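Structure record follows, encoded as structure tokens.
Protein chains in written order, with the entry's author numbering: chain B, 1 to 454; chain A, 1 to 454.
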């Protein structure tokens, strides 16, 4: 046993992934609804208009959490349900739905780790700008406060954001996620606004002496060297050039968390390549350093490592390349490697002051097949075992890791992949919405039950 | 025990991979030398100037074949060594080197399956046009004849070409291989010239009643459906559109082997997309139908399958998609699957009349690490086991397969990958040129010794 007291084992879901009911109860569409309605955005023309009927079968879903036995359930209060506009007028129907969900989560002893945002931004908020517009810093704020003041008696740990790297780069640079923007300056602006909102919420909680714990959740990609894997000798330029891409993937977000300033060298490199403005980076520095406040917790979402060997022959905006080491892979194409997470579990310890660190999302996707009314995924089980050990052996070695949340609960709308990629540990037959507990669901249940003490 | 009598088990090498000596003995550089000298063509700026000293240690290499116990050794007589120009004046020094190699191969009972071309085109031949210029059809011809008439007493099975798909598309369309051309019309021209040379050699052999057997080696990518893997129902447009890409990867070369024509569907599609000329395709059809003659043998180089689900959102010139199923992968990034080959072994049986079929190249690349003066690759062994069974179970089911050649013999210049990817079953320490017999070398030795009778 290495996991400490209060080690928040859990499962994570996103509202738009399972909810549906995009127009019911006066609720306006999400960003994902508008993104998915447009052609060329999702495989096979999918959208979360219906999803898995999480609204109508919320009793069934809470029974699912009860069966899973997760000490905490990481869910996002769908912003658009509670606020169809996103602010101002508040819908008592969506408020009542989330009141019922939260009270029946509390009644069974499940700690609500409410992620105030898990990609389910209301459409009107996207029309006013999304996460690039600095006004959202207040809106989110008040929204969070209205949730917090409503549920501070029952919800104790709040997650400000989920994967600002994915919100900002997959969602706003690569465009595979909603709302499908493809820009790097907009991505940096999203980073700025997300960090400002996180610290504004932290400051507001601290000022009013609210007895809650507030932090931010990131996804961090470790680095391994193929040259060291090759058995050869690493050159200086190799590290000197892997550093920039690693800063893009690792340091760009952790530096404002505790240091309160952006990595200056990356901003200078972007300016020299005309990808970003020096006056803008200085203004971002000034705003961050004025608005910075040390948070309470940090969240980590680890999936895979990025094996990086030095070369100039990619043509990418950062002249490096990626390697494909031999090994097990998933339907998402991700290499399965535990030890990469270990790197982060030490690296953030070395580079930054003491910030409590949480893991909030980790899992693997596999093409599930119905067999005897059941689906089988042993590769998901093996992935989870490996990433369980990667943190257990670590916390034996003096790691301040705080909790691990498994992704996901039920097979559900996996964003641009549509329904083709299934991450959840519960099979849902889309025809009947029947719930079958996979071997991975049983494995997670057994792990939580066996490890966590009384 | 399904492999028939005369199943030509073997190992394959390419001259430029192991030879070096690009300027010795009056020998001019190859196409690969000029391709590699240019920057931006090879990882880490590598070239086959020195390679593994196959020229000076040819006795050591023949001892390697003797140790491996291959019934046949698939090697390419380096065209540039024998003809520094590529034709005309013939160098007696390169002739004597290959005479010594061939006599010491015959002395130990090794059948020389001489691949007349395995990407080692002389540089002057590239300057006059490479495989696009139709004149090579004669040059190759006479070169082959000069080899054939020189070695008809000792070399009985001759391979005209190795992987026209790779010569024409990897070498002349993608540009990763030498000479690094990137064009599709040039690729079709290479297809035309290679097939014409193959049939011209076959006709010349048949006319003069030479006691030899002449064929061609292809590399063919079978197809599997993710929709069927998904458990769903396949739509008509899915098959109708996967057909075109499957024709390009498979039919463009198989169809002229026995039918003596081109797939008209793909030519019409390219014309409608303005990627190819209708007058040119008609002229190609007329020339092929004039010059076509049925060969003796067909060669197959199978590595992996191409999982294809239908969509228009890949951006390729063929609106299909590639899928990443969960499973074992190699350093080359190739999915490991036996059964795809089996699928291929049936298709040619059904789509075309009976032609004897050979497999002449198959293997997997892994990052070998020196440990106790030795390297270990168990994934290569497992890959080979799986692809051995894929054909053994097939030939139990009435397959016309004739022989299988394992790639490769010793780790060597793996083209654009440089020396980073090691395919061979013998570890060669590039510093010392010492030879260590891997577990994969031992596995292939055991397989050949056990399966073949006596």
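Yeah, the Cβ is synthetic: ideal placement off N, Cα and C, and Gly gets one too.
CB contact below 7 Å: residue i versus chain A
{"i": "residue 115/B", "result": "no"}
{"i": "residue 329/B", "result": "yes"}
{"i": "residue 45/B", "result": "no"}
{"i": "residue 230/B", "result": "yes"}
{"i": "residue 324/B", "result": "yes"}
{"i": "residue 313/B", "result": "yes"}
{"i": "residue 475/B", "result": "Look at the range of chain B in this structure, 1 to 454, and you will see that residue 475/B is not part of it."}
{"i": "residue 367/B", "result": "yes"}
{"i": "residue 124/B", "result": "no"}
{"i": "residue 379/B", "result": "yes"}
{"i": "residue 215/B", "result": "no"}
{"i": "residue 129/B", "result": "no"}
{"i": "residue 398/B", "result": "no"}
Residues near residue i in its chain [Cβ-Cβ closer than 6 Å; skip 5 each side]
{"i": "residue 281/B", "result": "267"}
{"i": "residue 101/B", "result": "58"}
{"i": "residue 380/B", "result": "364, 366, 440"}
{"i": "residue 155/B", "result": "112, 114"}
{"i": "residue 305/A", "result": "222, 224, 337, 340"}
Proximity test, residue i beta-carbon vs the ligand ZN heavy atom, cut-off 6 Å
{"i": "residue 385/B", "result": "This structure simply doesn't include the ligand ZN, nor any ligand for that matter."}
Buried or exposed (CB count within 10 angstroms, at least 16 for buried), residue i
{"i": "residue 299/B", "result": "buried"}
{"i": "residue 129/A", "result": "exposed"}
{"i": "residue 444/A", "result": "buried"}
{"i": "residue 183/A", "result": "exposed"}
{"i": "residue 31/B", "result": "buried"}
{"i": "residue 378/A", "result": "exposed"}
{"i": "residue 362/B", "result": "buried"}
{"i": "residue 408/A", "result": "buried"}
{"i": "residue 432/A", "result": "exposed"}
{"i": "residue 396/B", "result": "exposed"}
{"i": "residue 307/B", "result": "buried"}
{"i": "residue 453/A", "result": "exposed"}
{"i": "residue 126/B", "result": "buried"}
{"i": "residue 249/A", "result": "buried"}
Cut-off 8 Å between Cβ atoms - residues of its own chain near residue i, not counting five sequence neighbours on either side
{"i": "residue 271/A", "result": "277, 278, 281"}
{"i": "residue 254/A", "result": "218, 220, 348, 351, 352"}
{"i": "residue 435/B", "result": "60, 64, 410, 426, 427, 428"}
Beta-carbon proximity check, residue i vs residue j, cutoff 7 Å
{"i": "residue 16/B", "j": "residue 45/B", "result": "no"}
{"i": "residue 144/B", "j": "residue 406/B", "result": "no"}
{"i": "residue 357/B", "j": "residue 296/B", "result": "no"}
{"i": "residue 201/B", "j": "residue 168/B", "result": "no"}
{"i": "residue 345/B", "j": "residue 416/B", "result": "no"}
{"i": "residue 301/A", "j": "residue 111/A", "result": "no"}
{"i": "residue 26/A", "j": "residue 91/A", "result": "yes"}
{"i": "residue 324/A", "j": "residue 327/B", "result": "no"}
{"i": "residue 187/A", "j": "residue 118/A", "result": "no"}
{"i": "residue 418/B", "j": "residue 121/B", "result": "no"}
{"i": "residue 52/B", "j": "residue 18/B", "result": "yes"}
{"i": "residue 71/B", "j": "residue 9/B", "result": "yes"}
Residue i at chain B interface by Cβ criterion, 7 Å
{"i": "residue 419/A", "result": "no"}
{"i": "residue 456/A", "result": "Examination of residue 456/A is not possible in this model, given that chain A is present from 1 through 454 alone."}
{"i": "residue 16/A", "result": "no"}
{"i": "residue 424/A", "result": "no"}
{"i": "residue 40/A", "result": "yes"}
{"i": "residue 333/A", "result": "yes"}
Nonlocal neighbours in the same chain, by C-beta distance under 7 Å from residue i, ignoring five residues either side
{"i": "residue 331/A", "result": "365, 366, 367, 421"}
{"i": "residue 241/A", "result": "310, 319, 320"}
- request: Would you mind listing the alpha helix (DSSP H) stretches within the segment 200-253 of chain A that are 4+ residues and don't spill past its ends, in chain order?
  value: 226-230, 236-246
Runs of beta strand (DSSP E) wholly within the segment 265-353 of chain A (minimum 3 residues, chain order): 297-300, 327-329
- prompt: Which residue spans inside the segment 137-166 of chain A form an unbroken beta strand (DSSP E) run of at least 3?
  reply: 157-162
message: Going residue by residue through the segment 19-76 of chain B, where are the continuous alpha helix (DSSP H) segments of at least 4 residues, counting only ones entirely within it?
response: Here the runs fully enclosed are 31-37, 58-68.
field: Contact set between the segment 44-70 of chain B and chain D, restricted to residues whose Cβ is under 9 Å from the partner
entry: Within the model displayed, chain D is absent; protein chains B and A are what it includes.
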